[PDB]
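Alright, here's a single protein chain in two forms, structure 1 and structure 2, each given by itself as C-alpha cells.
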Structure 1
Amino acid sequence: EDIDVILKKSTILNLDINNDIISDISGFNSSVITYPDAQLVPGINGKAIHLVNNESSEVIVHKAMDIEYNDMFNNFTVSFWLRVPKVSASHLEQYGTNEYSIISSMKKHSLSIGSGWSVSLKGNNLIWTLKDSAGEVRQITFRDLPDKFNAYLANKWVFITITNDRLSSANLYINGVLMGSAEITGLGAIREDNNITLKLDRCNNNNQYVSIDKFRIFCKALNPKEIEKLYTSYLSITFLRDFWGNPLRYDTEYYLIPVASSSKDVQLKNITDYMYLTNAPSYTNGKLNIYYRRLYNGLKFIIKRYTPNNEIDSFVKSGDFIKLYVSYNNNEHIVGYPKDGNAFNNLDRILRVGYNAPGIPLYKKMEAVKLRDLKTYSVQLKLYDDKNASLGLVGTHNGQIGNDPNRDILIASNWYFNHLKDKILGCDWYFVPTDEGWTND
C-alpha cells in the first residue's frame, strides 16, 4: 500500500549510471551492453545517456531469464526521462515525415516485422507503438504543443510514462499528466526480441541526437497517483537546474527570464544603473504550426562563488551563497543594492549593475535557492546586506525612475516571502544558457 513499496516491487528493469558505467539495478541483473559511442551527459539527477546518429551509439539491455516473457500478455509500464532538441523549421520540412525509433524491443534483422513495443519520434510527434504476433498494431501519437517555449519535445528534460493495461488501454503521460491514450483490447500476444535497444533507428538526419535517463520497466500498469510520485521522486532539490533541466553551474553565461512573464527579457539602462523587462521578439511559422519567443537576447549573467569553502563543485546547490554579475563586452559587472540607494516606498530595493560610488557600501551577497514550484526549472535569488539580513527575493516592481518610461524594474523585496504558495510569482527566474538543442530559426 506504500506507493514507494509498490513502485519498488514492480520494477523489473532500472537502468542506472554509476561510476560512469550503465547497469540494471532492478535486482533482476539484466546485462547491459554499452557500445563505444553511447555518451554520458548531465541528467536530471546524475548523468544521462546521450545517443547520436551512428551505429556505434547504442545501449542494449539483454533481458535476464526471469523477466523474458513479462509482456507477452501482462500489463507493463515503461518510464524514462527524455530530452529532444528543438527541431528547426528547415528540419521539420526536410525530415518531418521520417519516423525513427529511439527505444525498442522489436526485432528486425530476421523476423520480417518485429512484434513488441517502441518509442519513436516523427517531426514533433512522440509515438508509442505496440504490435502483436499477428501484426496487429495499436499506437498513441502525441502531437507536441505549437509554442516551443512551453513544449515537451523542445530541448527540455521531460518525464515520460506509458502504462499498458491489456484489458483496457495504453496511456501516455508527460510530467505526470495524461496526454494520450489507446484501447489495446484486441491486441494478442506481444512477443518482442530478447533485447531492449536504445538507439536512433531509421533516422535520416545525420545530426539528430536524443538523451534518455532512468529507463525503467514496471510489471504492472501504474495508476496516476503512482506516476505522480514516480515523477516527483526524481526531482531532488539539492542541485539547482537551468532552463533545460540540467544542473545550474558557476562561471557560465545565462540569459534570465521571469517565469511569471515568460515573454520578457531583461535589459540594462546603463552601467551603475538599473535593470528592467523588455518584450522578446518572436518566431512564427503558421505553415508548420510552430512559434516561440526567441531566446538569447537581453542581458547575460554569470554566477560566481561567494566564498570557496569546502570543495569546488561546478554545480550550484540550493542554499549556496553567490555573487551575480552581468556579463557583456568581455567584462563582468556585479549586481547589488547600494546602501540607502533608491527603493520603492514599500521597500523594494532597486538593483544596480557595476555600482561603484566611493565610500558607499554595496550589498551583493546572494543565496541561490529553490523555495517553490518543484517541477519547474526555476530559481529564486535572495539578497542580503552586510549584517546578513534579508533584503528580499529578486523580482520586479512596476514604476518609473526620473523621467524614464514606466517599466517593470528589477528589485529585491521581502514581500515575496508571504506569497510562496501562489500559483505564479514574480520572484521565479529561468536561467537560460545557449545550447545546441535550441537555435532560433
Structure 2
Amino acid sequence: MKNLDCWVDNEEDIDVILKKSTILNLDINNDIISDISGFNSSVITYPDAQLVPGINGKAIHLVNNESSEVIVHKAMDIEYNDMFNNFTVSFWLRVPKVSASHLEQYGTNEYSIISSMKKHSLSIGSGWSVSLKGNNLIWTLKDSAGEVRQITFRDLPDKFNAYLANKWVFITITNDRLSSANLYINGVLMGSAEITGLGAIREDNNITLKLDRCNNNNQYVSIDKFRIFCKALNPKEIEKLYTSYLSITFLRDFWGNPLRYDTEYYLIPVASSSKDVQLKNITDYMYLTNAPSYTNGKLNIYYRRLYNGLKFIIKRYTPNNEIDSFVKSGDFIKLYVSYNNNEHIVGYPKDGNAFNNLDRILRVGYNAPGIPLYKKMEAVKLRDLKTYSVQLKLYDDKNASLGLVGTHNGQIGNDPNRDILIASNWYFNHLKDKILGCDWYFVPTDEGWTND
C-alpha cells in the first residue's frame, strides 16, 4: 500500500484522470505528426511513413522498407517512466487479413511494429514491444536482468468477426508492476500476464514505429492515436478512452474508415451477416441470399466470402459540395445499384406494394410513367456507436418519413418466401434492441481483404 501509478490527485472524473496521466499523445495536424501531451517529445517522420484515413482524421501507414518509420524521442521528463513504475500503451490498429498462403509461408515470422527495446550484454534486451506472428498479437516486457514477460493473443478463427482482419480496432495494454499486464481490444479484456518482481527496465531513448524483421515485403499496418499513460488504466477508464474517439461526424464503412460518395459498396445486414443482397430484376425488388464461404481446417480459419451481391453507390441528393467526398450523418442522398454497367435508383413508388400496408417494398430502377418514385434518403447513425454500420431513412417528397431501410420475410406473388428489402417506420420504436434489421454494413473492395 504502495501504488506505482503516477500521482494525479483527481481520483474522480475519468476524463481528468485520462488527461493528467497522459505522457505521450501522437496527433496528425496539417499532415504533420507531433506529440500533444504537453511534454513535447520530438517526432521524426521518415520519408515513406504514409498517411491514410483514420478513426478521426488521418493515421499512420507503415510499409515494409527502412524508409517507412516514425520515431519518437522521449522527452527527458518522461524518459524513465517505465523503469520501475506503471504505464499504459494505447493505439488504434489496422492489419490486413493474412492470406491462407501467407499464413503458411510467414506464419512463424514474428515481427515488431512498435518498440522501445534495447540491446544489452549477456544477450539481454530491455523494454517493451508490440509484435505480430501470423494471427497472433503479442505484448513483450523485458527487464535489464534478463527477465521476459509476455501476453500472446490468438485471434478468432472467423475472420468476419476477428480483430486482425482489416478493421480498425482499439488496443490497450495496461501494466501494473504490482500485479499484471492486461491486453484489451475494443475495451474488452483479451489476455493477461503476471509481471511482479521485475527489475529495472532500461529501454531505448526512442520509441520506434516500424515493421521490424518482417519477411513479407508486401506487408503493411496502420496505427492511429498512439498514446502512453503513467497509470495502469482500469476497465472503466479504458471504456471511456475507447468511446471518446468514436467521432459522430462522419459515417463509417465496414473497415472503420470514413464512408464516401461515388464509391461502390456491398451491403450486408448486421443482424444477418451471412447474407448478401440480390436483385430479382430491374424495376423490381431486392432480397437476401446466403453468402458463399471459405473454410480451411488445416489453418483453422474461415469466413463468409465478401464482394458478392449488388454494388451500391451513394450520391449527394443536391449536387455540388465541391472538394469533400465524405458522407456526414444527416446528409441527404440518393442510393443507386450499379447493374449491367448502368446505375439504377433505389426507392418506393407511390402506393407501391407493401406488407400489411406498412412495410414498403423497395424497387430498383423503377420507371412507371406518371407514378412518383420516392428516393430521397438520409444517411444516419442512430445506435451502436462501436459498430461500423449505417441506417438509411427514406422520405416521400413532402418531408414525411417512409421508414428506415430493412427487411421483411414474406412472399411477393408466387415467388419463393424471401427476406425482401423494405422501408418501415416500425424500427423507430425499437432502436434499443441488441439486434435490429435496419442496421447495415457498407463494404468496399479493399486490398487488405482478398478471398482465398
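Whichever C-alpha set is largest while still superposing within 1.5 Å between the two forms counts as the rigid core. Quick note, the numbers are simply positions in structure 1, starting from 1.
Summarising the superposition on the core between structures 1 and 2, the listed residues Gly354, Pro247, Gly114, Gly298 contain exactly one with a Cα shift of 2 Å or larger, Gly114. Once the cores line up, the CA of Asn309 ends up 2 angstroms or more apart between structures 1 and 2.
Shown is the Cα shift of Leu187 between structures 1 and 2 after rigid core superposition, which amounts to 1.9 Å.
In the core-superposed comparison between structures 1 and 2, the CA atom of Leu268 travels 0.2 Å.
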